[PDB]
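Here is the structure we will look at.
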Amino acid sequence: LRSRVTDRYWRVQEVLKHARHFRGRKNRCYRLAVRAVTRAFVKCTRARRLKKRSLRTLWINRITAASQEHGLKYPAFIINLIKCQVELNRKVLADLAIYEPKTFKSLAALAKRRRXXXXXXXX
Amino acid sequence: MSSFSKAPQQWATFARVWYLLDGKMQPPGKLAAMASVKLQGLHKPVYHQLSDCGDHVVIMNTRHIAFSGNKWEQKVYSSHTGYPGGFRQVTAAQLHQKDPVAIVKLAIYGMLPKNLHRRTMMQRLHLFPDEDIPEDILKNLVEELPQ
Amino acid sequence: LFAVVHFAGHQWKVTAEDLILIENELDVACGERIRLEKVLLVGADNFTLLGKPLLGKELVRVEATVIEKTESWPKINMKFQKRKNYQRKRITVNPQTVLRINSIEXXXX
Amino acid sequence: XXXXXXXXXXXXXXXXXXXXXXXXXXXXXXXXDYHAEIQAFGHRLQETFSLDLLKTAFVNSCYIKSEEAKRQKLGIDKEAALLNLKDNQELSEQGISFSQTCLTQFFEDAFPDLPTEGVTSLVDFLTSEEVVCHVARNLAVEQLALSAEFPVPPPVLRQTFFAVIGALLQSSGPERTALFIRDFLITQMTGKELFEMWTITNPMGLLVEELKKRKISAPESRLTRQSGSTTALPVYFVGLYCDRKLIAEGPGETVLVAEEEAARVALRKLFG
Amino acid sequence: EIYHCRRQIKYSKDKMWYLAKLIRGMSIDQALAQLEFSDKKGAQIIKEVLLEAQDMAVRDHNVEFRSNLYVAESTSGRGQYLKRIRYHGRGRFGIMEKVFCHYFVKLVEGXXXXXXXXXXXXXXXXXXXXXXXX
RNA sequence: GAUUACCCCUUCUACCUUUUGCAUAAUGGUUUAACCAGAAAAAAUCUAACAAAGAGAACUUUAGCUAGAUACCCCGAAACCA
RNA sequence: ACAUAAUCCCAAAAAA
């Protein structure tokens with residue numbers, strides 16, 4: 001004949017060890033701890049998936065701001081960068097949009113230059 | 001300098017800059033958009049959502065605002081109380097004849113995101129029907145973008 | 001004076017003395033000195049050089065040193081489906097490599 | 001077995017409310033021998049010589065005094081460790097002197113435009129006890145250090161570190177040392193603190209001294225503009241110039257602090 | 001430190017806690033007077049506990065000055081419960097639980113110092129300026 | 001996830017059972033501990049023994065025969081009879 | 001022309 005021994009108590013101890021910092025019975029009771037842990041992991045996956053989206057949106061906002069400071073909008077800047085064969089990511093572009101206004105000013109100048117040259121070649 | 005292991009860039013926080021916006025015939029709610037952009041701080045490359053880096057916007061001559069179309073008499077502002085049948089309809093005309101600074105403010109009040117930061121940035125907004133600005137004794141930056 | 005490189009499908013802003021972690025392994029022994037390409041170069045005299053779709057190999061260079069190969073803190077990934085009795089728990093540890101940027105070379109043409 | 005895991009859990013839970021002091025002899029699990037440590041020390045670093053001086057470098061007076069004390073107490077036998085400390089203090093003496101000379105040479109060659117006061121300040125900060133001891137503890141020298149009383153206290157690790165320095169000076173010569181130390185210290189600094197501790201008293205006046213010494217021109221502060229804020233902090237735009245040529249410009253909350261920061265930026269500007 | 005404890009005494013823990021928090025932080029004299037003229041079932045008991053604590057403080061610890069003694073800590077725990085049968089209507093019996101309270105008193109020498117005063121303007125001007133710089 | 005050694009902001013419709021479909025205002029649960037509900041080899045697949053024979057006086061057999069190993073859980077009536 | 005507080009998801013806007 002077997003016994004329950006320390007197995008269940010150790011599993012509960014582990015779950016509750018992962019249940020620390022939780023609020024109320026969820027950091028005390030085992031069942032609510034598990035129920036909260038599942039949700040915690042699902043939210044971990046989902047938020048780690050949407051983190052890139054949030055960061056991307058934030059970067060787009062920053063670059064949009066820095067662009068609007070120079071008189072042009074975000075999409076025009078993007079198009080100009082595409083036709084300038086610039087594969088630079090929006091993260092580094094935002095970092096330059098913050099710390100190094102000179103580089104972004106140069107890119108904006110080249111952007112307006114390409115836009116004016118295209119508008120003059122089309123006419 | 002130095003940067004370590006995939007981190008977003010925000011240091012601490014900075015000081016907001018007070019701005020001035022002119023009245024006289026600019027479309028209502030069309031100004032509220034960019035004023036909400038300045039309120040959120042979306043015009044700053046250093047912008048952060050949680051940090052609330054938004055600035056302080058002061059607009060003047062709100063009674064000189066001009067709404068196009070027939071919307072003057074046709075716009076109905078609803079104010080309802082807890083009491084039954086306490087539904088109140090106030091036209092833009094009469095509201096302008098009474099409390100004009102409310103109108104534009106309401107146009108801003110729907111632009112901002114909800115919860116805390118809404119009211120937080122709402123306290124950064126001040127409107128006056130006529131021009132008297134003791135706060136102009138304090139030097140501020142003036143931005144002109146008429147429509 | 002700073003540079004912008006690209007590795008492992010990710011672009012990074014590199015400066016002297018900086019420590020940058022890159023995904024997994026570079027297949028390079030620890031202590032060795034390696035060279036990286038250049039997407040962008042910006043001089044603090046406000047003099048910028050941007051080539052497409054790459055910069056000059058003869059014009060500019062970037063040399064860094066590998067400190068070691070570490071492992072990031074374990075991430076718990078769990079998939080759960082409602083009333084399908086579907087639960088999958090997987091602990092994933094992402095491999096990383098510590099790179100110490102030493103010399104950013106810029107020469108005149 | 002459940003008994004071994006209950007005993008391991010009870011020991012691991014007993015160590016939470018009780019913290020034992022760190023011991024130097026029981027620190028390393030494997031047997032600690034002199035030759036093993038100096039061998040690894042020779043394999044890691046480029047060149048290592050004078051094994052006797054190297055061992056002596058990690059020897060402190062406290063261990064000797066304690067040892068002799070135990071010798072007198074027990075009274076079993078008598079041995080003389082006396083030569084160790086006497087040989088160590090000399091290496092430390094020469095070590096300090098040559099360190100001062102070497103660092104002075106470094107600040108002289110690297111920054112020729114740096115005034116004497118700046119040199120003195122940077123030397124005082126670079127030779128400071130806290131920083132050097134921090135570098136020591138970061139290099140895990142405390143593991144190779146031998147202290148009877150306690151491993152932790154700075155007077156041990158610092159003197160030990162300087163003894164190691166002097167040992168490298170005698171054994172490996174200057175050429176190697178110049179490689180070693182110069183690498184670490186610079187990497188440690190990294191901050192603006194270098195010129196900040198020299199700015200702790202009358203930044204403006206110091207700038208006056210520097211300008212009067214070099215270009216012989218009295219600095220003038222003029223407010224170029226003001227953008228006020230009553231709520232948090234007001235912003236004043238303060239220019240600083242000499243002979244109608246603007247040296248610097250900067251914002252400030254108060255006139256005093258603004259002038260301080262302007263004088264600081266101008267101070268580091270004339271550093272080059 | 002002078003510790004004193006009373007166990008297996010039957011009184012409401014929630015009610016005794018009212019007079020327990022009352023003398024916490026307070027000096028021996030003020031606590032004595034309070035417990036003396038305080039009206040409740042816990043007043044007498046906690047008065048006895050305090051008196052015994054003072055007797056132990058004087059006799060065992062040989063304290064020079066009685067004025068240097070104050071109440072540092074006071075707490076009330078819950079002991080075993082006595083289950084009794086409360087007869088109700090329609091042939092139903094409810095369970096009446098008679099509770100217990102274990103009273104613990106911890107005394108420390110020296111003058112009592114407690115400051116609950118907090119300046120609003122200073123704390124605001126400091127916390128705001130420190131939060132804006134972080 | 002960010003962020004400070006704490007929090008506000010942003011990203012998300014309890015579990016289980018029963019169902020075409022439940023966060024569902026369908027079902028079960030105060031919490032915790034412990035107790036508590038898939039144990040049957042004929043033919044077959046598979047691992048070995050020997051082979052026109054296997055198998056401990058019993059049966060099978062136009063490659064069989066012998067042995068081992070693999071799949072079919074609990075609680076509940078209203079009532080009947082002595 | 002239906003029966004609790006409005007707009008057929010905020011505020012507004014215009015006619016690549």
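Within each chain, counting starts at residue 1; across the structure tokens, chains are named A, B, ... in the order shown, with ligands numbered 1 upward in that order.
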Inset, instruction - Step one, run DSSP on the backbone; step two, keep only residues of region 10-83 of chain B assigned to strand (DSSP E); then write them as a count of residues only. - result: 13
Would you tabulate, counting only C-alpha atoms, all residues of chain C that have an atom at most 8 Å from an atom of chain B, showing the closest pair of atoms and their distance in Å to one decimal, sorted by chain then ascending number, as CSV?
residue,atom,partner,partner_atom,distance
C:15,CA,B:1,CA,7.0
C:16,CA,B:1,CA,7.8
C:17,CA,B:2,CA,7.5
C:18,CA,B:2,CA,5.3
C:19,CA,B:4,CA,6.2
C:20,CA,B:4,CA,6.1
C:21,CA,B:5,CA,5.7
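Residues in contact with residue 10 (chain G) at up to 9 Å, not including ones fewer than 4 positions away on its chain and judged by only C-alpha atoms (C1' of nucleotides), are residues 110, 111, 112 and 113 of chain B.
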Compile the contact shell of region 135-149 of chain D as a CSV table (one decimal) with N, CA, C and O atoms, in the first residue's frame: residues with an atom at most 10 Å away, counting only C-alpha atoms (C1' of nucleotides), same-chain residues fewer than 2 positions apart removed.
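Writing done, so here's selection.csv:
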chain,number,residue,atom,x,y,z
D,23,UNK,N,33.8,33.2,6.8
D,23,UNK,CA,35.1,32.7,7.3
D,23,UNK,C,36.0,32.6,6.1
D,23,UNK,O,35.6,32.2,5.0
D,24,UNK,N,37.3,32.9,6.3
D,24,UNK,CA,38.2,32.9,5.2
D,24,UNK,C,38.8,31.6,5.0
D,24,UNK,O,39.1,31.2,3.8
D,25,UNK,N,39.0,30.8,6.0
D,25,UNK,CA,39.6,29.5,5.9
D,25,UNK,C,38.6,28.4,5.4
D,25,UNK,O,39.1,27.5,4.7
D,27,UNK,N,36.1,29.2,3.6
D,27,UNK,CA,35.5,29.8,2.4
D,27,UNK,C,35.4,28.9,1.3
D,27,UNK,O,34.3,28.5,0.8
D,28,UNK,N,36.6,28.5,0.8
D,28,UNK,CA,36.7,27.6,-0.3
D,28,UNK,C,36.4,26.2,0.1
D,28,UNK,O,36.9,25.7,1.2
D,32,UNK,N,42.7,24.7,0.2
D,32,UNK,CA,43.3,25.9,-0.3
D,32,UNK,C,44.8,25.8,-0.1
D,32,UNK,O,45.3,25.7,1.1
D,34,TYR,N,48.8,27.4,-1.4
D,34,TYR,CA,49.5,28.6,-1.9
D,34,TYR,C,49.8,28.5,-3.4
D,34,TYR,O,49.5,29.4,-4.2
D,37,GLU,N,46.8,28.6,-5.9
D,37,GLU,CA,46.3,30.0,-6.1
D,37,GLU,C,47.2,30.8,-7.0
D,37,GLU,O,46.8,31.4,-7.9
D,38,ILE,N,48.5,30.7,-6.7
D,38,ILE,CA,49.5,31.4,-7.5
D,38,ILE,C,49.6,30.9,-9.0
D,38,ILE,O,50.0,31.6,-9.9
D,41,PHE,N,46.7,32.2,-10.8
D,41,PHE,CA,47.0,33.6,-10.9
D,41,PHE,C,48.0,33.9,-12.0
D,41,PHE,O,48.0,34.9,-12.6
D,55,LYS,N,52.9,35.8,-2.5
D,55,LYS,CA,52.3,35.3,-1.3
D,55,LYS,C,52.3,36.3,-0.2
D,55,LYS,O,51.4,36.4,0.6
D,56,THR,N,53.4,37.0,-0.1
D,56,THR,CA,53.6,38.0,1.0
D,56,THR,C,52.6,39.1,0.8
D,56,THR,O,52.2,39.8,1.8
D,57,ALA,N,52.2,39.4,-0.4
D,57,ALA,CA,51.3,40.5,-0.7
D,57,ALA,C,49.9,40.3,-0.1
D,57,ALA,O,49.2,41.2,0.2
D,58,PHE,N,49.5,39.0,0.0
D,58,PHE,CA,48.2,38.7,0.6
D,58,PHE,C,48.3,38.4,2.1
D,58,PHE,O,47.3,38.1,2.7
D,59,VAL,N,49.5,38.6,2.6
D,59,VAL,CA,49.7,38.4,4.1
D,59,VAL,C,49.6,39.7,4.8
D,59,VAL,O,50.1,40.7,4.4
D,60,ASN,N,48.8,39.7,5.9
D,60,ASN,CA,48.5,40.9,6.7
D,60,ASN,C,49.1,40.8,8.1
D,60,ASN,O,49.3,39.7,8.6
D,61,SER,N,49.4,41.9,8.7
D,61,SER,CA,50.0,41.9,10.1
D,61,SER,C,49.1,41.3,11.1
D,61,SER,O,49.5,40.8,12.1
D,62,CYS,N,47.7,41.4,10.9
D,62,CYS,CA,46.8,40.9,11.9
D,62,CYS,C,46.9,39.3,12.0
D,62,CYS,O,46.8,38.8,13.1
D,63,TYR,N,47.1,38.7,10.9
D,63,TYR,CA,47.3,37.2,10.9
D,63,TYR,C,48.5,36.8,11.6
D,63,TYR,O,48.6,35.8,12.3
D,64,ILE,N,49.6,37.6,11.4
D,64,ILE,CA,50.9,37.3,12.1
D,64,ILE,C,50.8,37.5,13.6
D,64,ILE,O,51.2,36.7,14.4
D,65,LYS,N,50.2,38.6,14.0
D,65,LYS,CA,50.0,39.0,15.4
D,65,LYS,C,49.1,37.9,16.1
D,65,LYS,O,49.4,37.5,17.2
D,66,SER,N,48.1,37.5,15.4
D,66,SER,CA,47.2,36.5,15.9
D,66,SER,C,47.9,35.1,16.1
D,66,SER,O,47.7,34.4,17.1
D,67,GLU,N,48.7,34.8,15.1
D,67,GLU,CA,49.4,33.5,15.1
D,67,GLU,C,50.4,33.5,16.2
D,67,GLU,O,50.5,32.5,17.0
D,130,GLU,N,37.8,54.0,-1.1
D,130,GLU,CA,36.6,53.4,-1.4
D,130,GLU,C,36.5,52.8,-2.8
D,130,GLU,O,36.1,51.6,-3.0
D,131,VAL,N,37.0,53.6,-3.8
D,131,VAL,CA,36.9,53.1,-5.2
D,131,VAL,C,37.9,51.9,-5.4
D,131,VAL,O,37.5,50.9,-6.0
D,132,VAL,N,39.1,52.1,-5.0
D,132,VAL,CA,40.1,51.0,-5.2
D,132,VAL,C,39.7,49.8,-4.5
D,132,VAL,O,39.8,48.7,-5.0
D,133,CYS,N,39.2,49.9,-3.2
D,133,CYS,CA,38.7,48.7,-2.5
D,133,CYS,C,37.5,48.1,-3.2
D,133,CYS,O,37.3,46.9,-3.1
D,151,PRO,N,37.7,38.8,7.1
D,151,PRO,CA,38.0,39.0,5.7
D,151,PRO,C,37.5,40.3,5.1
D,151,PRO,O,38.1,40.9,4.2
D,152,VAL,N,36.4,40.8,5.6
D,152,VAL,CA,35.7,42.0,5.0
D,152,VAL,C,36.4,43.4,5.1
D,152,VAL,O,36.5,44.0,4.1
D,153,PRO,N,36.9,43.8,6.3
D,153,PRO,CA,37.3,45.2,6.5
D,153,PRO,C,38.3,45.7,5.5
D,153,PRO,O,39.3,45.0,5.2
D,154,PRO,N,38.1,46.9,5.0
D,154,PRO,CA,38.9,47.6,4.0
D,154,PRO,C,40.4,47.8,4.3
D,154,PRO,O,41.2,47.7,3.3
D,156,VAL,N,42.4,45.8,5.4
D,156,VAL,CA,43.0,44.6,5.0
D,156,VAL,C,43.2,44.5,3.5
D,156,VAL,O,44.3,44.5,2.9
D,157,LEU,N,42.0,44.5,2.8
D,157,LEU,CA,42.0,44.3,1.3
D,157,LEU,C,42.7,45.4,0.6
D,157,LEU,O,43.3,45.2,-0.5
D,158,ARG,N,42.7,46.7,1.1
D,158,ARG,CA,43.4,47.8,0.5
D,158,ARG,C,44.9,47.6,0.5
D,158,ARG,O,45.6,47.7,-0.5
D,160,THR,N,46.5,45.0,1.1
D,160,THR,CA,46.8,43.8,0.3
D,160,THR,C,46.9,44.1,-1.2
D,160,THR,O,47.8,43.6,-1.8
D,161,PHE,N,45.9,44.9,-1.6
D,161,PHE,CA,45.9,45.3,-3.1
D,161,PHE,C,47.1,46.1,-3.4
D,161,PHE,O,47.7,45.8,-4.5
D,164,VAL,N,50.0,43.8,-3.7
D,164,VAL,CA,50.0,43.1,-5.0
D,164,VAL,C,50.5,44.1,-6.1
D,164,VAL,O,51.3,43.6,-6.9
D,184,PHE,N,41.7,49.1,-15.8
D,184,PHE,CA,40.6,49.0,-14.8
D,184,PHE,C,40.1,50.4,-14.4
D,184,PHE,O,38.9,50.7,-14.5
D,185,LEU,N,41.0,51.2,-14.0
D,185,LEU,CA,40.6,52.5,-13.4
D,185,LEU,C,39.7,53.4,-14.3
D,185,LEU,O,38.6,53.8,-13.8
D,188,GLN,N,36.4,52.1,-14.7
D,188,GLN,CA,35.6,52.3,-13.4
D,188,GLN,C,35.0,53.7,-13.3
D,188,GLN,O,33.9,53.8,-12.9
Inset, instruction - Starting from chain A, keep only residues with some atom at most 12 Å from an atom of chain F, counting only C-alpha atoms (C1' of nucleotides), and report them as number ranges by chain. - result: A: 3-5, 8-9, 12, 25-26, 28-32, 34-36, 38-40, 42-55, 58
Write out the residues from the selection above, keeping C-alpha atoms, as an mmCIF file, in the first residue's frame.
data_model
loop_
_atom_site.group_PDB
_atom_site.id
_atom_site.type_symbol
_atom_site.label_atom_id
_atom_site.label_comp_id
_atom_site.auth_asym_id
_atom_site.auth_seq_id
_atom_site.Cartn_x
_atom_site.Cartn_y
_atom_site.Cartn_z
ATOM 1 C CA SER A 3 0.760 6.810 0.801
ATOM 2 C CA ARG A 4 0.004 10.449 -0.020
ATOM 3 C CA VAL A 5 3.262 11.319 1.811
ATOM 4 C CA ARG A 8 0.860 16.639 -2.726
ATOM 5 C CA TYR A 9 2.190 18.933 -0.003
ATOM 6 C CA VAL A 12 1.058 22.718 -3.221
ATOM 7 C CA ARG A 25 -6.460 33.725 -0.667
ATOM 8 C CA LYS A 26 -4.725 33.346 -4.032
ATOM 9 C CA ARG A 28 -2.668 31.398 0.486
ATOM 10 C CA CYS A 29 -5.170 28.843 -0.834
ATOM 11 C CA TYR A 30 -3.907 26.315 -3.388
ATOM 12 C CA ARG A 31 -6.840 26.140 -5.814
ATOM 13 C CA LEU A 32 -7.197 29.896 -6.290
ATOM 14 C CA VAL A 34 -3.557 27.565 -9.525
ATOM 15 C CA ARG A 35 -6.487 29.396 -11.125
ATOM 16 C CA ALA A 36 -4.545 32.657 -10.852
ATOM 17 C CA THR A 38 -3.010 29.783 -15.334
ATOM 18 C CA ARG A 39 -4.358 33.269 -16.042
ATOM 19 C CA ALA A 40 -0.941 34.686 -15.162
ATOM 20 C CA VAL A 42 -1.820 33.154 -20.431
ATOM 21 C CA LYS A 43 -1.409 36.879 -19.788
ATOM 22 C CA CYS A 44 2.361 36.369 -19.891
ATOM 23 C CA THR A 45 2.179 34.867 -23.376
ATOM 24 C CA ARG A 46 -0.371 37.371 -24.682
ATOM 25 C CA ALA A 47 1.372 40.455 -23.277
ATOM 26 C CA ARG A 48 4.724 39.185 -24.543
ATOM 27 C CA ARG A 49 3.067 38.882 -27.954
ATOM 28 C CA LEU A 50 1.526 42.368 -27.846
ATOM 29 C CA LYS A 51 4.633 43.987 -26.347
ATOM 30 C CA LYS A 52 6.141 44.291 -29.822
ATOM 31 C CA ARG A 53 2.909 45.944 -30.957
ATOM 32 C CA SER A 54 2.929 48.460 -28.101
ATOM 33 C CA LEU A 55 6.600 49.304 -28.635
ATOM 34 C CA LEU A 58 5.063 54.041 -29.390
#
Inset, instruction - Dump as number ranges by chain the residues of chain D that approach chain A to within 12 Å, counting only C-alpha atoms. - result: D: 1-3, 5-6, 9
Keeping N, CA, C and O atoms for every residue in the selection just given, could you write it to a file as a PDB file, in the first residue's frame?
ATOM      1  N   UNK D   1      14.406   9.380  -0.070  1.00  0.00           N
ATOM      2  CA  UNK D   1      13.887   9.289   1.282  1.00  0.00           C
ATOM      3  C   UNK D   1      13.362  10.626   1.722  1.00  0.00           C
ATOM      4  O   UNK D   1      13.878  11.679   1.285  1.00  0.00           O
ATOM      5  N   UNK D   2      12.342  10.612   2.577  1.00  0.00           N
ATOM      6  CA  UNK D   2      11.693  11.835   3.015  1.00  0.00           C
ATOM      7  C   UNK D   2      12.438  12.476   4.157  1.00  0.00           C
ATOM      8  O   UNK D   2      12.258  13.689   4.424  1.00  0.00           O
ATOM      9  N   UNK D   3      13.280  11.705   4.835  1.00  0.00           N
ATOM     10  CA  UNK D   3      14.021  12.218   5.972  1.00  0.00           C
ATOM     11  C   UNK D   3      15.113  13.158   5.528  1.00  0.00           C
ATOM     12  O   UNK D   3      15.378  14.174   6.211  1.00  0.00           O
ATOM     13  N   UNK D   5      15.127  14.942   2.804  1.00  0.00           N
ATOM     14  CA  UNK D   5      14.588  16.138   2.196  1.00  0.00           C
ATOM     15  C   UNK D   5      13.968  16.986   3.267  1.00  0.00           C
ATOM     16  O   UNK D   5      13.940  18.227   3.125  1.00  0.00           O
ATOM     17  N   UNK D   6      13.482  16.366   4.340  1.00  0.00           N
ATOM     18  CA  UNK D   6      12.950  17.146   5.441  1.00  0.00           C
ATOM     19  C   UNK D   6      14.097  17.780   6.187  1.00  0.00           C
ATOM     20  O   UNK D   6      13.953  18.912   6.703  1.00  0.00           O
ATOM     21  N   UNK D   9      15.309  20.645   4.001  1.00  0.00           N
ATOM     22  CA  UNK D   9      14.386  21.764   3.999  1.00  0.00           C
ATOM     23  C   UNK D   9      14.466  22.461   5.329  1.00  0.00           C
ATOM     24  O   UNK D   9      14.281  23.696   5.391  1.00  0.00           O
TER      25      UNK D   9
END
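By only C-alpha atoms (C1' of nucleotides), and with residues fewer than 3 positions from residue 141 (chain B) along its chain excluded, the set lying at most 10 Å from it is residues 17, 18, 19, 20, 21 and 136 of chain B; 227 and 228 of chain D.
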Inset, instruction - Tell me which protein, DNA and RNA residues are within 12 Å of residue 94 (chain C), counting only C-alpha atoms (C1' of nucleotides), leaving out same-chain ones fewer than 6 positions away, and put them as number ranges by chain. - result: C: 21-25, 69-76
Legend entry - Interface residues on chain E facing chain F, 12 Å, only C-alpha atoms (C1' of nucleotides), written as a VMD selection string: chain E and resid 130 to 134
Could you write out that same residue set with N, CA, C and O atoms as a PDB file, in the first residue's frame?
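The result, written out as selection.pdb:
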ATOM      1  N   UNK E 130      10.709  64.489  -5.579  1.00  0.00           N
ATOM      2  CA  UNK E 130      11.514  63.288  -5.697  1.00  0.00           C
ATOM      3  C   UNK E 130      10.880  62.344  -6.683  1.00  0.00           C
ATOM      4  O   UNK E 130      11.598  61.529  -7.299  1.00  0.00           O
ATOM      5  N   UNK E 131       9.565  62.432  -6.862  1.00  0.00           N
ATOM      6  CA  UNK E 131       8.892  61.560  -7.808  1.00  0.00           C
ATOM      7  C   UNK E 131       9.003  62.127  -9.195  1.00  0.00           C
ATOM      8  O   UNK E 131       8.934  61.360 -10.180  1.00  0.00           O
ATOM      9  N   UNK E 132       9.186  63.440  -9.308  1.00  0.00           N
ATOM     10  CA  UNK E 132       9.320  64.056 -10.615  1.00  0.00           C
ATOM     11  C   UNK E 132      10.731  63.904 -11.116  1.00  0.00           C
ATOM     12  O   UNK E 132      10.981  64.106 -12.324  1.00  0.00           O
ATOM     13  N   UNK E 133      11.656  63.544 -10.230  1.00  0.00           N
ATOM     14  CA  UNK E 133      13.046  63.369 -10.618  1.00  0.00           C
ATOM     15  C   UNK E 133      13.366  61.905 -10.744  1.00  0.00           C
ATOM     16  O   UNK E 133      14.550  61.541 -10.918  1.00  0.00           O
ATOM     17  N   UNK E 134      12.346  61.056 -10.674  1.00  0.00           N
ATOM     18  CA  UNK E 134      12.539  59.625 -10.821  1.00  0.00           C
ATOM     19  C   UNK E 134      11.646  59.106 -11.912  1.00  0.00           C
ATOM     20  O   UNK E 134      11.971  58.053 -12.498  1.00  0.00           O
TER      21      UNK E 134
END
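Using only C-alpha atoms (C1' of nucleotides), the smallest distance between any of B:39, B:34, B:93, B:116 and chain F comes from B:116.
Every residue of chain C that lies within 12 Å of chain F is listed here, counting only C-alpha atoms (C1' of nucleotides): residues 82, 83, 84 and 85 of chain C.
Proximity ranking of C:9, C:63, C:80, C:55 relative to chain A places C:80 first, based on only C-alpha atoms.
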Counting only C-alpha atoms, what are the residues of chain B within 9 Å of chain A, and for each of them which pair of atoms is the nearest and at what distance in Å, to one decimal? Sort the table by chain and rising number, as CSV.
residue,atom,partner,partner_atom,distance
B:8,CA,A:55,CA,8.4
B:9,CA,A:95,CA,8.0
B:42,CA,A:65,CA,6.4
B:43,CA,A:65,CA,4.6
B:44,CA,A:65,CA,5.7
B:45,CA,A:62,CA,4.4
B:46,CA,A:98,CA,6.3
B:47,CA,A:62,CA,6.7
B:48,CA,A:58,CA,7.8
B:49,CA,A:58,CA,8.5
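Near region 66-68 of chain F, within 8 Å and counting only C-alpha atoms (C1' of nucleotides), sit residues 47, 49, 54 and 55 of chain F, not including residues fewer than 3 positions from it in the same chain.
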Legend entry - region 12-114 of chain A: residues DSSP assigns to alpha helix (DSSP H), reported as a VMD selection string: chain A and resid 12 to 18 30 to 68 74 to 83 90 to 99 101 to 114
Chain G contacts on chain B, only C-alpha atoms (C1' of nucleotides), 10 Å, as a short mmCIF file (atom, residue, chain, number, x, y, z; two decimals) with C-alpha atoms, in the first residue's frame:
data_model
loop_
_atom_site.label_atom_id
_atom_site.label_comp_id
_atom_site.auth_asym_id
_atom_site.auth_seq_id
_atom_site.Cartn_x
_atom_site.Cartn_y
_atom_site.Cartn_z
CA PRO B 27 -13.43 75.63 -35.96
CA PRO B 28 -14.51 74.10 -32.60
CA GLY B 29 -13.26 70.55 -32.05
CA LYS B 30 -10.80 70.99 -34.89
CA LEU B 31 -8.63 72.89 -32.42
CA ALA B 32 -9.50 70.39 -29.69
CA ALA B 33 -7.74 67.65 -31.66
CA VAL B 76 -27.88 69.70 -28.53
CA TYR B 77 -25.87 69.26 -25.33
CA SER B 78 -27.48 66.74 -22.98
CA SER B 79 -27.26 67.11 -19.20
CA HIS B 80 -29.11 64.55 -17.09
CA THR B 81 -29.52 64.34 -13.31
CA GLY B 82 -30.52 61.53 -10.97
CA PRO B 84 -36.64 61.27 -13.21
CA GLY B 85 -37.27 63.53 -16.20
CA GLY B 86 -34.13 65.49 -15.38
CA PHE B 87 -32.99 65.36 -18.99
CA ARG B 88 -31.87 68.82 -20.10
CA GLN B 89 -31.21 69.99 -23.66
CA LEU B 106 -16.40 69.53 -24.02
CA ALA B 107 -14.90 69.18 -27.49
CA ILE B 108 -11.63 68.35 -25.73
CA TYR B 109 -13.32 66.19 -23.08
CA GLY B 110 -14.17 63.52 -25.65
CA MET B 111 -10.78 63.48 -27.37
CA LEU B 112 -8.63 62.30 -24.46
CA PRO B 113 -8.37 58.64 -23.33
CA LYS B 114 -10.42 57.64 -20.27
#
